[PDB]
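Structure first, commentary second.
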Amino acid sequence: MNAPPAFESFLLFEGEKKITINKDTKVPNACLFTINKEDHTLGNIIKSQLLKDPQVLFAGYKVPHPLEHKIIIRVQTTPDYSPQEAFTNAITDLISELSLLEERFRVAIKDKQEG
Amino acid sequence: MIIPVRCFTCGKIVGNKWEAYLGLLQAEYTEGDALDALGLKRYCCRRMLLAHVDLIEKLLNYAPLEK
Amino acid sequence: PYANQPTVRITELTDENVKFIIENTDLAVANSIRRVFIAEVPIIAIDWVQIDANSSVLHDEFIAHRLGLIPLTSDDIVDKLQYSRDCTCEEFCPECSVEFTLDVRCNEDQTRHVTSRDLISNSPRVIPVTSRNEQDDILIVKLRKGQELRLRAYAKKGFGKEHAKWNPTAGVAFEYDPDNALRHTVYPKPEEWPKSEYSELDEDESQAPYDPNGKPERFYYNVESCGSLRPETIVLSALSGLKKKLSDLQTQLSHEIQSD
Amino acid sequence: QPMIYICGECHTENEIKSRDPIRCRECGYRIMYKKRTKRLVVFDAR
Amino acid sequence: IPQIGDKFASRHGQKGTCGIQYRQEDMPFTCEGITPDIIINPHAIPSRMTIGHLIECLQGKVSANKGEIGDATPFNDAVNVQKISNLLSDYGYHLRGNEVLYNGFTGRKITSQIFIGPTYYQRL
Ligand SMILES: [Zn+2]
Ligand SMILES: [Zn+2]
Ligand SMILES: [Zn+2]
């Protein structure tokens with residue numbers, strides 16, 4: 001009667017942007033990234049990778065409503081740095097980490113099956 | 001009415017274990033040892049096999065609508 | 001400011017589960033990997049049923065739901081098939097779906113067990129796991145003499161976010177800091193608690209001395225497979241899926257940055 | 001057009017037209033059931 | 001199919017509607033990846049004093065781990081909480097039915113060890 005289709009958690013609606021960047025006016029060098037059709041899976045890793053950047057002053061995320069299917073990630077960096085650049089580098093670092101983890105898991109599987 | 005396919009909690013397949021479970025029980029296994037023989041180690045899957053009531057066997061006592 | 005250099009150590013690899021350890025990674029990465037095991041590792045499962053005849057004691061939706069939860073071997077085919085969203089065909093085609101047929105009739109006096117062995121596929125690679133060449137076959141329905149079940153299913157590509165039938169795991173044990181050194185738990189009576197299987201403590205010692213400078217490292221995993229994928233295929237596909245989620249996010253990020 | 005029904009007691013496929021008392025021709029039983037339609041109903045296995 | 005707003009009840013007067021449904025990766029999990037089918041609020045216990053709910057949960061954990069059916073007949077001196085706890089401690093569990101759970105969203109351990117186990121629920 002009121003059950004949303006299960007794909008609405010993963011699929012973007014037509015004309016709906018995957019990610020939107022909005023300047024935070026309260027403090028300088030801060031941005032809000034509203035990412036649609038993602039959840040804690042990417043939010044937590046992006047936040048925790050951003051916390052590894054010493055040029056990042058704030059890194060947090062929230063799912064504003066569990067029934068809704070977006071996350072907001074707030075990133076504040078030092079003045080010489082940018083929150084968009086920080087977010088990009090965090091994603092790049094996560095991708096490199098996962099590539100290395102995948103190659104090493106392939107090697108470990110090969111060793112385990114062989115000996 | 002019939003053995004579920006998956007465990008509600010983890011999603012382990014239990015549908016193929018009801019008949020084997022009954023065969024082990026008539027083989028004078030205890031329910032715990034029978035559940036151990038089938039590889040149900042989490043108490044959720046043990047719940048699935050141990051609390052199942054095979055009502056379909058009673059629904060098959062009625063003749064169908066068509067011969 | 002840069003990536004981790006995680007290492008891996010697989011401590012057990014069977015056809016049923018894979019038990020491994022990831023070290024030198026963040027807890028968020030470990031838990032996102034754990035979540036992707038459950039919710040973003042695609043597999044093949046029946047997601048369309050057409051009942052041509054069902055004289056059994058279970059109504060049509062019961063049979064359909066029950067067929068959807070039968071695991072189908074998805075190892076090499078899931079990467080090749082497309083989502084029906086992405087397929088440029090009609091409702092179905094062999095590029096985005098797999099056809100199953102089931103046609104059973106109880107003529108004999110003993111009860112006929114319609115099992116997953118009766119799910120006949122057009123694709124030899126995508127078959128019910130129990131039907132793969134021990135464990136018995138999953139029971140779809142019991143039929144009495146004169147009862148009959150004839151249906152035509154189509155299996156699709158999906159993951160556990162959409163429905164648990166596309167979840168490839170039969171349990172994902174995840175653990176870290178087996179000895180409570182980070183004190184992320186606070187036992188009122190630490191002596192009362194059993195020791196983890198990964199604990200390295202003498203029996204007199206209940207929990208490790210508190211580590212003020214500690215961070216969660218060394219996450220232990222036991223990924224049990226429902227049957228569709230091999231456990232190591234579940235882990236590899238999870239890592240690839242998480243990496244493609246991040247790559248797509250970065251692509252859209254670049255478009256948003258350059259459009260500003 | 002035929003509207004063949006099944007007998008509740010003898011399970012016999014028999015045709016009955018409108019304005020006809022509901023009686024099985026094989027055993028006279030008074031309760032009849034319609035047969036499953038031929039239309040194509042689809043189920044998402046969910 | 002059960003949904004938000006459907007009423008469920010245990011056998012102890014503990015009724016309530018489904019507030020929300022989380023997927024298995026969003027629910028909290030034990031070290032062996034068991035997620036609860038249902039999560040009920042601890043504040044429903046103290047004023048109500050439905051200790052039978054807790055004893056049934058603990059007995060049910062013992063029953064599921066032992067492969068039996070628990071005897072909850074009302075006035076039975078051969079079955080008390082200490083015996084059930086001693087039985088549960090033999091299956092590698094905290095004797096009082098608590099377990100370390102992990103946050104499904106972040107994977108971090110929950111500081112307070114949660115009371116979890118099989119309980120018979122009813123859909124109304
Ligand atoms: Zn289970
Ligand atoms: Zn197609
Ligand atoms: Zn008749």
Side-chain angles (χ1 to χ4, degrees), chain B residues 3-18 21 35-36 38-52 63-67, chain C residues 16-17 38 44 47-48 69 71 77-78 80-99 122-123 126 154-158 164 167-173 222-227, chain D residues 4-16 20-35, chain E residues 24 27 29-38 60-61 64-65 67 116-118:
Chain B
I3 184 70
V5 180
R6 317 290 198 82
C7 172
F8 299 133
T9 297
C10 58
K12 189 191 174 65
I13 296 87
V14 294
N16 53 5
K17 294 182 183 303
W18 178 243
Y21 179 67
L35 294 162
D36 291 331
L38 299 157
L40 307 181
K41 65 182 179 66
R42 289 187 284 284
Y43 64 89
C44 59
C45 318
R46 301 174 77 80
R47 171 274 312 270
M48 294 290 292
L49 265 290
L50 190 65
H52 176 245
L65 175 55
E66 319 208 1
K67 71 209 297 186
Chain C
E16 169 262 320
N17 73 326
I38 295 156
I44 312 302
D47 197 65
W48 187 97
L69 291 169
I77 301 299
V78 65
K80 293 149 64 173
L81 294 174
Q82 306 286 117
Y83 292 101
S84 288
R85 319 182 281 273
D86 309 336
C87 204
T88 192
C89 76
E90 66 273 17
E91 193 65 25
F92 305 121
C93 71
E95 302 298 283
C96 76
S97 162
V98 178
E99 191 200 299
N122 72 3
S123 177
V126 187
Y154 277 112
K156 292 283 183 79
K157 188 183 173 191
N167 176 12
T169 63
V172 184
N222 202 350
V223 180
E224 186 184 344
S225 176
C226 73
Chain D
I4 62 170
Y5 295 164
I6 316 288
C7 176
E9 184 178 1
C10 74
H11 317 71
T12 304
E13 69 276 16
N14 47 15
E15 194 279 334
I16 190 167
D20 188 354
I22 302 299
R23 200 169 155 90
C24 179
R25 67 181 65 252
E26 190 276 331
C27 67
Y29 193 58
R30 283 273 146 71
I31 304 164
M32 318 280 279
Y33 296 95
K34 296 197 79 170
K35 291 175 71 175
Chain E
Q24 188 189 338
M27 290 283 265
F29 55 105
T30 72
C31 60
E32 50 176 0
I34 286 170
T35 57
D37 289 295
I38 292 160
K61 206 177 228 184
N65 282 280
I116 184 169

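In listed order, ligands and their atoms are each counted from 1. Here is the naming used below: chain letters follow the sequence lines, and residue numbers restart at 1 for every chain.
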Using a cut-off of 2.8 Å, find all protein N, O or S atoms closer to the Zn ion (ligand 3) than that distance.
-> D:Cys7 SG, D:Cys10 SG, D:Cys24 SG, D:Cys27 SG
Could you check D:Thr12 against D:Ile6 for side chain to side chain contact (heavy atoms under 4.5 Å, CB included), going step by step and ending with a plain yes or no?
-> CA-CA 5 Å; D:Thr12 304; D:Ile6 316 288; over 6 Å; no
B:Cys45 to B:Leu40 - nearest heavy-atom pair and separation | O-CD1, 3.6 Å
Can any side-chain N or O of C:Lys157 pair as donor or acceptor with the backbone N or O of C:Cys96 at less than 3.5 Å?
-> no
Distance col, row D:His11:NE2 vs D:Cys27:SG, nearest 0.5 angstrom, shows 9.5 Å
Where do D:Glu26 and D:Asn14 land on the side chain to side chain donor-acceptor pair (under 3.5 Å) test, with the steps shown first?
-> CA-CA 9 Å; D:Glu26 190 276 331; D:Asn14 47 15; over 6 Å; no
The angle formed at the Zn ion (ligand 2) by SG of C:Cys89 and SG of C:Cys96 is about (to 10 degrees) 130°
Could you tell me whether C:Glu224 and B:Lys12 make a salt bridge, using a distance below 4.0 angstrom between a side-chain N and a carboxylate O?
-> yes
Atoms of type N, O or S from protein under 2.8 Å of the Zn ion (ligand 1), total 4
Any sub-3.5 Å donor-acceptor pair from C:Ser97's side-chain atoms to C:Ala155's backbone N or O?
-> yes
Ionic contact status for E:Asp37 with B:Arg47, cut-off 4.0 Å = yes
Just checking, B:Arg46 and B:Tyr43: is the charged tip under 6.0 Å from the six-membered ring centre and within 45° of the axis?
-> no
Will you find, in the side chains of C:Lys156 and C:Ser84, an N or O donor that is under 3.5 Å from an N or O acceptor?
-> yes
